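Encoded as C-alpha cells, the structure appears first; notes follow it.
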4 protein chains.
Amino acid sequence: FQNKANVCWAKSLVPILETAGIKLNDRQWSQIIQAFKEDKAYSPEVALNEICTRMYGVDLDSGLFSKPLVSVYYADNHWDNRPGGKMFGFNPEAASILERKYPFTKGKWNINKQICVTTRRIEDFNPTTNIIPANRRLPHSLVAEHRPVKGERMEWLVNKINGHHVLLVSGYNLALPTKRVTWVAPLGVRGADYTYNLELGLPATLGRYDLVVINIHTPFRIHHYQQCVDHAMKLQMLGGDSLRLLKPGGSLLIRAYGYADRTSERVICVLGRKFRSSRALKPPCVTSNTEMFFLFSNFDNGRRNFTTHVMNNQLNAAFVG
Amino acid sequence: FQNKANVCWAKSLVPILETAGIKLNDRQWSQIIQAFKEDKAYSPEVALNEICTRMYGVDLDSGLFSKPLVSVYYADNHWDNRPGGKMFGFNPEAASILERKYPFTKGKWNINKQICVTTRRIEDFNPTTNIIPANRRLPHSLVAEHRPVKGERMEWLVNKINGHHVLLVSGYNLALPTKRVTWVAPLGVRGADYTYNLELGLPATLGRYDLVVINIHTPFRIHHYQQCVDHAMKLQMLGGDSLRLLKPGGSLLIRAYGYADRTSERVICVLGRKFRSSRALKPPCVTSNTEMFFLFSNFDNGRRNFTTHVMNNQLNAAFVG
Amino acid sequence: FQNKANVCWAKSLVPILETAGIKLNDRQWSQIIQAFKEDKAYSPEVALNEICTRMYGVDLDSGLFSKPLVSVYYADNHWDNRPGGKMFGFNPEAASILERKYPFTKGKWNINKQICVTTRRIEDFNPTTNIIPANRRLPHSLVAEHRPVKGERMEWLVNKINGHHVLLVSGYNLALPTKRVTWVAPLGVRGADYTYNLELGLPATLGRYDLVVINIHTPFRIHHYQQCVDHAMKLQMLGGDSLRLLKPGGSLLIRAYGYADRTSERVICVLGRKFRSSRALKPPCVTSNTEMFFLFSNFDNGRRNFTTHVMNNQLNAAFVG
Amino acid sequence: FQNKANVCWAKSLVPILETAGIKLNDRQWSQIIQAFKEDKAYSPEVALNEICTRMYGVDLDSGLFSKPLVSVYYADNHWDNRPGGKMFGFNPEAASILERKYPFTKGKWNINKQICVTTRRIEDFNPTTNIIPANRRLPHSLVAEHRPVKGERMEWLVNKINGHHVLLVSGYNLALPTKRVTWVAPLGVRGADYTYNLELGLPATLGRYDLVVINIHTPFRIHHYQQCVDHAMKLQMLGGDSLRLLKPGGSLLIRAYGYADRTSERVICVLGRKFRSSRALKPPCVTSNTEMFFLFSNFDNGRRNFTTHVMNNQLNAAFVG
C-alpha cells in the first residue's frame, strides 16, 4: 500500500482476503476498485463485494465471505480490525454449495486465482473478467454500450419539483431563479456557498431543506453494472447523509445510474422507507445512455414497507439501449 | 495558443465556441480577455461571458451558450473537457428569442462575425465594440470617464475597522501600528511575510484573522464596466478564498470597482450571505473615479437572505462622475 | 391630415411620395415622424429623410428621392409646392444601383411597401423596422440600450464656461449666481424672462450674448439613432438661430444626443465653421446614457474648414454604454 | 402708395410720369411691376422702362422719357428727387418721330391712356396689353408658351465647372462633395452659412471665390420676355455685386431666362467685359422651357470689347419652343 494516505479500509481487508487465500498487489487493488486507484475513503464491506465479484465471479450473497473470522471496526473516519465490528472470512460451507453448480472449482478456491465462472477456467487475475456476478438476479435492465446524449438542461427537471429551499451538492452550479439555493461543492471549487471533501459525506451543520439535489457524476468504465458499482459509495454517503438535511415533507433528487449491484440496491431500500413515494426517472436532461435520477418525495423519516418492484419496472422501460 | 503556458481555460472553450461558429485568433483572445494577454490562470465560464458579451453584444443571461453540448472540468489547477463538469454550447432557442428583438441577425449567428447590436450591423471583430451587454440591467451607476483622484491614505479607512489580527493581501505594505499585520504579496515582492501566486488564490494554511484586507488593483481600460470585468476574477479568487481565513465575527475589506458585470455581482451575492451586514464604501482614500471598497462585517459562515438592493443605492450615490 | 393645423410640411411631401408609389395614412405619418403626431412645424426635407429611411431602409444619400420632379418652397412659416424651391422625386437610376446590392427589390419599389433591407423581405409598414439606414456610415458610436443616469447638476458645467451674459433656452431655470441670465422658455412656462413657441426658432430681437445655452430635451424612443433623428429639428432651429444671438468671441452650449443621422451631422458642420474650436462633451451632469453637450467656443461668424473627425473620436470615447 | 414700406423708387417716378400725363393707381403699379406688388427695393430707371413699355408699347430707346426734366438720386438704399442724379421726362421730339410711324397717337400721348400700338387704339390700361415693345429688336429667340421640364440635377452642371471655393446664392442647397461651399440664402432660410436680404444685393464682406453660383428663380408670368423683365433686377443686383466676390481667374454661373429686355442686355454687356470668355447655356438641368444659365469664365476685372453676337446665336439654338 505504498504512497496511499486514505486506504485504511483496504488494509482492513488483507486479513479477510488471507482467510480465502487471496493476496492482491497494488495494481490489482487499483484495477478492481476505483476508490483505491484515486486514494479515497471507502468501506471494507463495499470493497469486499467488488473483490469477491471479480475474484470468484459471484457477489457477497453467495456467502463466500460470511464466516465470522475477522472483524472490521469503524471509529472517527478510520477503519481497523478491533473486535466488536461486522465480521467476515472465507466460508467453506458456501464454497461447497457452489462446487455442485461449478465442479471445476473443487480444491482451487484458496490458491490466489481468479475463478472465471463464465469460461469454466481458473486463471490469473484479468481486469476485464467477472464484471457481473453470475449468482445475482439483476433488479432491472442495463445497457450493452455506453453512449453520450446531447440532452436538455437539468434546471427543467429541478424547477418541476416542489420546494423553495434547495441544497445543491454538485461540482457545478445551476440557474434556479425561483429557488433559494445553497450550493455545496468539492474542495477547490470557487463560487460555492460551502466546500467539503464529499468522500467524507455531508455534514448535518448544513441544515434542513425542502429539496436536496445530489448531482455528483461517476465516470463510465467497462459496463453499466460497473458504473453503478463505482457510483455505489456516493449513494451510500451523500444519499444517506441527506436524510438529516430534509425538512418534514421534503424531497431528495439524486443523479445516479440505477441500483444494479447489491450495495446500491440496499441504499435505495434504506432511503425508500422514509418517503411517501419514491420514483426512478430517465428525463430528457441526462448526459448519457446509463444515467437516471432517483426522486424520493415527501420525507417523514418513517419506516414503511418498501420494495424495489415499482422502480424495477420504471427502469426496465428507461433502460432499452 | 503559441507561447502561452497558463491558458488551459482558453483551450477548454474552443469546442464550445465552435458550436456557435466562433473561432478566435490569438490577437482577438488577447484583446477581449486581459488574463489571456498576460497569460494567467482563469475560468472558462468567466471568459465565455466576456467572449459572448463582445461577439454577440449580450452576456450569458441571454442563454446563447446554455445548451449542454460541451463540458468544462476543473481538476488540480488545470481545465480540460472531461464529462461531468458544467456544460455549455450554442442554443438556437435562445438565438430565436433574440431574433424577434433583433431581426437583422437571422441566419448570421454562426458565421464567426461580431453581432453589433448597437449599430444594427454584422461586421468583423472590433476591440472597441460591444463593451456593455444590451440585455443586462446594470445593478448600479457607472462613470462615463476614468479620472485619477489625489486622495487620502488607506490606513485612515483600515484603522476605523475593528479587528486586531489583520491579513493584508497587497502589492505594497501599509502602516498599521495598532494592528498585528501578516502581509501576503505577489511573487518577487520583498519585505512581505509571505509571497504567493495570487492568480491561484489564497491558501487556507495562512490561518484565520479578525480583518482580511484584499488590496489588489486592476488597471483601467476602455470603461468602468470593463474594469469590473477585468477585476471579476480577483473578487472570485481572493474574496472567495478569504472565507476560510476569517475568525468568527471577523470582517473582509476588498478594494474593487463595483459589481457591474454578471460575474462580479454573483461573487458579491455568495459573500454577502456569510456576514451580518455588508456595505459598499467610496471613502476619501480612493486612487480613482471608478474605485470603491466592499466592507463585509461580522462573519458567521452562514447562509442568510442577501440581495444587492442596499449596495445598489449606496453605489448609485458613490458613482456620479 | 384630419385635425392637424401645423402639418403643411407633410402635405408638401404627398406629391413627392406619390412619385415613389408611397402613400402614408395618418397612423404611419404619426409613427415615423414624432413632429407629425404632436402636430408641430417641421421641414419636408428632414421628414423625407425619416420617411425614406423607414420605407426603403436607406437615407437620402442613396439618391432615391434626388430626381428633381416636385418642388417644396418655404415662405413666411408656411410650406407649399411652388416652383423655384428644392426639388425631390423618385430616381430609378438610384434604385437601379441599389438593385445590384439588393436583387429582391427588383420591380417592387413603387408598390407602397416597406423594403426591409436587413431581413431581405418586402412587407407592409412596421414601426419597429428600418430604424437605422444600411447605406449610412455612422459618424460615431451609439448605445445599444437607453438607461437613465443619476448625475450631477448642469450648473457645474455652465459655471466652468466663460461669458457673463447668458441666454438660457430651457423648459426650466438654472441657478447661476456668477452669470447675468436671460431665461427664454416654451409657452405656458411661468418665471421666465420671455416665452416663445420654440418650434418656430429663436427671434433675433433677444440680442447678442457671451454664452448661449440650448437646453431642450427630446424624449427617448426606440433607439439612440432615433433620439438624434427626433432631436435633429431642434438642433437645426435653435442651434442655427443662436448664431444671430452671439457677441464676438461668444460660445454656444447645446444639450443633444450626438449627430448620428444625416440631418444632425449637417447642422453641426454648418455651426462648426463659425467658432475657433468645437467640442463634444459627455460630462457628469447628463440625465441619460444617450446625452451629450456640444460646446462651440469663440464665435467669429466665419467660414473655416471643419470636419466632424475630432468630435467623432470624442463621442467614440463618450458612447460605449 | 398705402401700406408700402420699400417703394421710394416708385414715389421717385410720379413727377417723371406727370411730365408725360401718366398717373398710375396702386393696382396699375402692382400689375406692371412685380417688385411693387411684393413691396421690394428696385430702380426707378428699370421700373420706368417697364411702365413706358406697357403705357406706350415701346421701351426707353424710343426716347419718350429722355428730356432731362426730373432727377432721380440714389443715397444709401433710398431714392428721392435731388438734383445731380440721372434725369428723365417726357420728350415731345421723341413723340413727334413716333407720330409719323403711328398717326393715330397725335395729340393723345399726355391723357393718361395706354397707347396700344399693335392694335392701333388708345384705350384704358390693360395688364395683358403691350407686353413686348414694338421698337426693340429682340437679341435672341423666345418661347411662345411656358412649359415645365422634368430635368437633371444642377450639381451635374456645377461639378463640370472649375473652381474649388464656391459661393452659392440660393433659396436651397446643393450637394457638392468635391467643392468647398459657402451657402448664402434669403432671410428665414435655415441650414445656410449666411442669410441676407438679397433684394439689397450681396455684401463684399463675403470674400472672393473661384466659382460664384447665382441660383435665384423668378416665377413665370404672361410671357418669356416678361420673365426676363421680372428677373432683370436680380441680374443687376446679384450678378453685378458678384464682381467683388471673384478671385483672379474665377467664374460666375447665373441661373436666368435670357436677356430679351433692354435692362437685362445692359447687365450682360457690363459683366461680359470682365471675363476671358462668356457663354449662354441651356443644359439638361433646367426646370422649364424658358430657363438658361450664363457662364462667365476666367475673371480678370478688365474691360474688353464685348458684344452679345455670340450668345445671341447660342440662345437662338437653345430657345425653339
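The values are calculated or read from the model by the stated rules, or taken from the named source; nothing here is a laboratory result. With ideal geometry, Cβ positions are generated from the backbone for all residues, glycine too; neighbour counts draw on all protein chains shown.
Please verify whether B:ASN126 is crowded, with 19+ Cβ neighbours inside 10 Å, over 30 Å from B:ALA192 (Cβ atoms), within 13 Å of chain C (Cβ to nearest Cβ) and among the polar types (S, T, N, Q), treating the condition exactly as stated.
No, not satisfied.
Applying the selection to region A:93-112, what residues are touching a residue at least 24 places away in the same chain (Cβ under 8 Å) and within 26 Å of A:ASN25 (Cβ to Cβ)?
A:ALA94, A:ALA95, A:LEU98, A:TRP109, A:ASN110, A:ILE111, A:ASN112
Would you check if A:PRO177 is in a loop (DSSP other than H, G, I, E, B) and away from chain B (no Cβ under 14 Å)?
In short, no.
Answer yes or no as to whether A:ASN130 is at positive phi and in contact with a helix residue (DSSP H, G or I) (Cβ under 6 Å, 6 or more places away or on another chain).
The answer is yes for A:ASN130.
Quick one: is C:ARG153 among the charged types (D, E, K, R) and closer than 16 Å to C:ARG54 by Cα? First the steps, then the outcome.
Numbers: among the charged types (D, E, K, R): yes; closer than 16 Å to C:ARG54 by Cα: no.
No: the conditions fail for C:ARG153.
Consider B:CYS8 against the criteria (1) more than 14 Å from chain C (Cβ to nearest Cβ); (2) surrounded by 21 or more Cβ atoms within 10 Å (Cβ to Cβ): it satisfies all of them except one. Which criterion is unmet?
(2) is the only condition that B:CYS8 fails.
Tell me, which strands (runs of 3 or more DSSP E) wholly within region D:4-122 include 3 or more residues that are of a type outside the set (S, T, N, Q)?
Per the criteria, D:70-74, D:86-88.
Filter region A:163-172 down to the residues that are more than 21 Å from the chain's Cα centre (by Cα) and surrounded by 18 or more Cβ atoms within 10 Å (Cβ to Cβ), then identify the one that is nearest to the other protein chains (Cβ to nearest Cβ).
Looking at residues that are more than 21 Å from the chain's Cα centre (by Cα) and surrounded by 18 or more Cβ atoms within 10 Å (Cβ to Cβ), I get A:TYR172.
Since D:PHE65 meets every condition but one in (1) over 19 Å from D:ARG121 (Cα atoms); (2) touching a residue at least 60 places away in the same chain (Cβ under 8 Å); (3) crowded, with 23+ Cβ neighbours inside 10 Å, which condition does it not meet?
For D:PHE65, the exception is condition (2).
Just to check your reading of the model, which residue among D:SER277, D:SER242 is part of a helix (DSSP H, G or I), over 19 Å from D:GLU50 (Cβ atoms) and outside the structural domain of D:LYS37 (by CATH)?
Among D:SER277, D:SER242, only D:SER242 is part of a helix (DSSP H, G or I), over 19 Å from D:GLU50 (Cβ atoms) and outside the structural domain of D:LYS37 (by CATH).
Taking the condition farther than 12 Å from A:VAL213 by Cβ, more than 8 Å from chain B (Cβ to nearest Cβ) and among the charged types (D, E, K, R), does A:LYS160 pass?
Yes: the conditions hold for A:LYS160.
Can you spot a residue in region D:302-310 that is touching a strand residue (DSSP E or B) at 6+ places or on another chain (Cβ under 8 Å), buried (at least 21 other Cβ atoms within 10 Å of the Cβ) and of a type in the set (A, V, I, L, M)?
No.
Among the candidates C:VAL229, C:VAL267, C:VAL320, which residue alone is in a helix (DSSP H, G or I) and either more than 19 Å from the chain's Cα centre (by Cα) or free of Cβ contacts under 8 Å to residues at least 40 places away in the same chain (or both)?
From the options C:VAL229, C:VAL267, C:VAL320, the qualifying one is C:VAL267.
Pairs only if they're at least six apart or on different chains, beta carbon under 7 angstrom, first in region C:119-134 and closer than 14 Å to C:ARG262 by Cβ, second of a type in the set (D, E, K, R); list them, first residue then second.
Within 7 Å, the pairs are C:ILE132/B:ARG120; C:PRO133/C:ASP59.
Scan region B:73-90 and tell me whether some residue there is within 14 Å of chain A (Cβ to nearest Cβ) and of a type in the set (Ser, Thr, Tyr).
For region B:73-90, residues within 14 Å of chain A (Cβ to nearest Cβ) and of a type in the set (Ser, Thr, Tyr): present.
Using beta carbons and a limit of 8 Å, which pairs, at least six apart or on different chains, have the first residue in region A:192-208 and more than 8 Å from chain B (Cβ to nearest Cβ) and the second one of a type in the set (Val, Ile, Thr) and in a loop (DSSP other than H, G, I, E, B)?
So the pair list comes out as A:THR195/A:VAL189; A:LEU198/A:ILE216.
Kindly indicate the residue of region B:137-157 that is away from chain C (no Cβ under 14 Å) and touching a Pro at 6+ places or on another chain (Cβ under 8 Å) and also surrounded by the most Cβ atoms within 10 Å (Cβ to Cβ) among those meeting that condition.
It comes out as B:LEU157.
So which pairs qualify, if the first residue must be in region D:17-32 and in the same structural domain as D:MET87 (by CATH), the second must be among the acidic types (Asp, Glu) and surrounded by 15 or more Cβ atoms within 10 Å (Cβ to Cβ), the Cβ gap must be under 9 Å, and the two must be at least 6 apart or on different chains?
D:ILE32/D:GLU50
For region D:248-256, check the following and say yes or no: at least one residue is touching an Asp or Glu at 6+ places or on another chain (Cβ under 9 Å) and either of a type in the set (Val, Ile, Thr) or part of a helix (DSSP H, G or I) (or both).
So far as region D:248-256 goes, no, none of its residues is touching an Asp or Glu at 6+ places or on another chain (Cβ under 9 Å) and either of a type in the set (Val, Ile, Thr) or part of a helix (DSSP H, G or I) (or both).
Count, please, the residues in region D:180-190 that happen to be at the interface with chain C (Cβ under 9 Å from one of its Cβ atoms), part of a loop (DSSP other than H, G, I, E, B) and either buried (at least 19 other Cβ atoms within 10 Å of the Cβ) or within 27 Å of the chain's Cα centre (by Cα) (or both).
Going through region D:180-190, the residues at the interface with chain C (Cβ under 9 Å from one of its Cβ atoms) turn out to be D:180, D:182-183, D:188-190.
This time we only want the ones that are part of a loop (DSSP other than H, G, I, E, B), so: D:188-190.
In the following step, the residues that additionally are either buried (at least 19 other Cβ atoms within 10 Å of the Cβ) or within 27 Å of the chain's Cα centre (by Cα) (or both) were identified as D:188-189.
Number of matching residues: 2.
Select from region A:202-221 the residues that are buried (at least 19 other Cβ atoms within 10 Å of the Cβ) and either assigned by CATH to the domain that holds A:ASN77 or closer than 17 Å to A:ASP39 by Cα (or both) and list them in ascending order.
If the condition is that a residue be buried (at least 19 other Cβ atoms within 10 Å of the Cβ) and either assigned by CATH to the domain that holds A:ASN77 or closer than 17 Å to A:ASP39 by Cα (or both), then A:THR218 is the only one that fits.
Across region B:298-317, what is the total count of residues that are closer than 21 Å to B:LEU211 by Cα and within 21 Å of the chain's Cα centre (by Cα)?
Of the residues in that region, 1 qualify.
If the requirement is being in contact (Cβ under 8 Å) with a residue 12 or more places away in the chain, of a type in the set (S, T, N, Q), farther than 21 Å from D:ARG147 by Cα and in contact with a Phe, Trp or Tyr (Cβ under 9 Å, 6 or more places away or on another chain), which of these qualifies: D:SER297, D:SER288?
Working: D:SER288 fails: farther than 21 Å from D:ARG147 by Cα.
Only one candidate passes the filter, namely D:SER297.
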